[PDB]
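What follows is a single structure, written as structure tokens, with notes after it.
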Amino acid sequence: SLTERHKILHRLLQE
Amino acid sequence: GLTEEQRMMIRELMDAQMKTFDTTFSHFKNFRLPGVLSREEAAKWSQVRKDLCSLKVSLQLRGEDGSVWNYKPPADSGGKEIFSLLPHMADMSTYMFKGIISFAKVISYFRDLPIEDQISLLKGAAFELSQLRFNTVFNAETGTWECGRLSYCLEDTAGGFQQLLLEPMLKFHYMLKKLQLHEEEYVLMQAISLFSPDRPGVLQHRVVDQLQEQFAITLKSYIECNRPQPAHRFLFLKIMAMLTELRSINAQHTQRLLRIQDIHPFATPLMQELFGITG
Ligand SMILES: O=S(=O)(c1ccccc1)N(CC(F)(F)F)c1ccc(C(O)(C(F)(F)F)C(F)(F)F)cc1
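In the order they appear, the protein sequences are chains C and A. One point on numbering: in the entry's author numbering, the residue at position 4 of the first sequence is 628, and numbering is uninterrupted. The second sequence lines up with residues 142 to 178, 192 to 433 when you count with the entry's author numbering.
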């Protein structure tokens, strides 16, 4: 997935 | 003046800028530094040397006590010597990237988009937004990026000025700088770039496009309400021309970085995600 291929980026998107 | 929606659109943009752009590079530490030191691939190297060529910079580290460390890179020759400043750059770029991501996050119009899109946009605009922020700390008079205690200086080379200008990236900073823009216009530039309805993977094309137009329009009005000088006629157009050029430099820079990553891997995890570095 596009989300699944961007761990950190996504991980960084929510905090 | 600007409509009341506009006036506050600029405010959320500015607020986001101020809360995520560490203009003094005070939180950028623990970074790497240069140490105190066959036909197919051959053509590859020839290209890499041409890719890292006129991007060569000197690094200065002004310390608290007043000490000053300075690093002059090696002139072209051999191999690996042309990659000695890559790991540090990867850390600067990554530090810059984290900021950009934060920037998009606090922006309300960005959050209300499907995460897939929010990623497509960040993926396709980071470098761009990073260049726009760096431009604000670029001293065209001395060809040096002044980043708090550390500064990056340009190394004079063949042809000199008219030659460097052959480097899109270099030309972009000098022309953009020439427009002596306001913080407001820089942040609008970032927004317009962030909300590019034409980035690959973007799902809600019609909505983003509606948003980019909203920002483009605010920038245009802002310029009218604040710079009526017939001299500033076309300023808005010059800026849009710039954003377009930047989008073109960004496409090449990615290809440029891959070629490098291919020969001498260096990108950080995050950079890999952002540039789609194969593995
Ligand atoms: O103006 S730069 O964006 C810059 C980078 C870091 C700190 C201040 C300013 N630009 C400078 C250069 F002079 F080299 F052109 C730049 C753009 C892209 C890069 C790299 O993409 C990477 F990976 F280091 F980020 C690469 F070295 F690969 F080209 C390096 C420098």
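Beta carbons are placed, not taken as given, at the ideal position from N, Cα and C, and that holds for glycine.
C-beta atoms of residue i and residue j nearer than 8 Å
i	j	result
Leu373 (chain A)	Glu339 (chain A)	yes
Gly253 (chain A)	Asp163 (chain A)	yes
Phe315 (chain A)	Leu342 (chain A)	no
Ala405 (chain A)	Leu348 (chain A)	no
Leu320 (chain A)	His242 (chain A)	no
residue 436 (chain A)	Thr311 (chain A)	Chain A is shown from 142 up to 433; residue 436 (chain A) falls before or after that span and cannot be answered.
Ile431 (chain A)	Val202 (chain A)	no
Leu143 (chain A)	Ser375 (chain A)	yes
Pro354 (chain A)	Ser274 (chain A)	yes
residue 181 (chain A)	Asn289 (chain A)	Residue numbering in chain A breaks between 178 and 192, and residue 181 (chain A) falls inside that break, so it has no position here.
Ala279 (chain A)	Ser192 (chain A)	no
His418 (chain A)	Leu240 (chain A)	yes
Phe172 (chain A)	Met250 (chain A)	no
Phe420 (chain A)	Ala244 (chain A)	yes
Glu235 (chain A)	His630 (chain C)	no
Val291 (chain A)	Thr161 (chain A)	no
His386 (chain A)	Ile377 (chain A)	yes
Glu367 (chain A)	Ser262 (chain A)	no
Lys204 (chain A)	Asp416 (chain A)	no
Identity of the residue in the options nearest residue i by Cα
i	options	result
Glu218 (chain A)	A:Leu304, A:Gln344 and A:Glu337	A:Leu304
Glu300 (chain A)	A:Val211, A:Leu318, A:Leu319 and A:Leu276	A:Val211
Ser200 (chain A)	A:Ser247, A:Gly232, A:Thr165 and A:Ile403	A:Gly232
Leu308 (chain A)	A:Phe420, A:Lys204 and A:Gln214	A:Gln214
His407 (chain A)	A:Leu324, A:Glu367 and A:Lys170	A:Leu324
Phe281 (chain A)	A:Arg401, A:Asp271 and A:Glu145	A:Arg401
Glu295 (chain A)	A:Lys332, A:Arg265 and A:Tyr263	A:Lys332
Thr248 (chain A)	A:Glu146, A:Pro322, A:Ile151 and A:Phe169	A:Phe169
Whole-number beta carbon distance between residue j and residue i, since they are thought to touch under 8 Å
i	j	result
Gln358 (chain A)	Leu267 (chain A)	7 Å
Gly302 (chain A)	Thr165 (chain A)	5 Å
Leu633 (chain C)	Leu424 (chain A)	7 Å
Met396 (chain A)	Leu330 (chain A)	6 Å
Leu637 (chain C)	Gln272 (chain A)	7 Å
**Message:** So if I threshold CB-CB distances at 7 Å, which residues from the segment 255-267 of chain A count as touching chain C?
**Reply:** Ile255 and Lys259
**Message:** Short of 8 Å Cβ to Cβ, which residues in the segment 192-214 of chain A face chain C?
**Reply:** none
**Message:** To be precise: take each residue of the segment 267-287 of chain A, compare its Cβ to all Cβ atoms of chain C, and keep it if any distance is under 8 Å. Which residues remain?
**Reply:** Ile269, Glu270, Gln272, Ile273, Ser274, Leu276 and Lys277
**Asked** Using a Cβ cut-off of 9 Å, which residues of the segment 337-370 of chain A contact any Cβ in chain C, in chain order?
**Response** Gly355
**Request:** With 8 Å as the C-beta to C-beta threshold (strictly closer), list the residues of the segment 233-252 of chain A near chain C in chain order.
**Result:** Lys252
**Contact list for the segment 413-429 of chain A against chain C, Cβ threshold 8 Å** = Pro423, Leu424, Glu427 and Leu428
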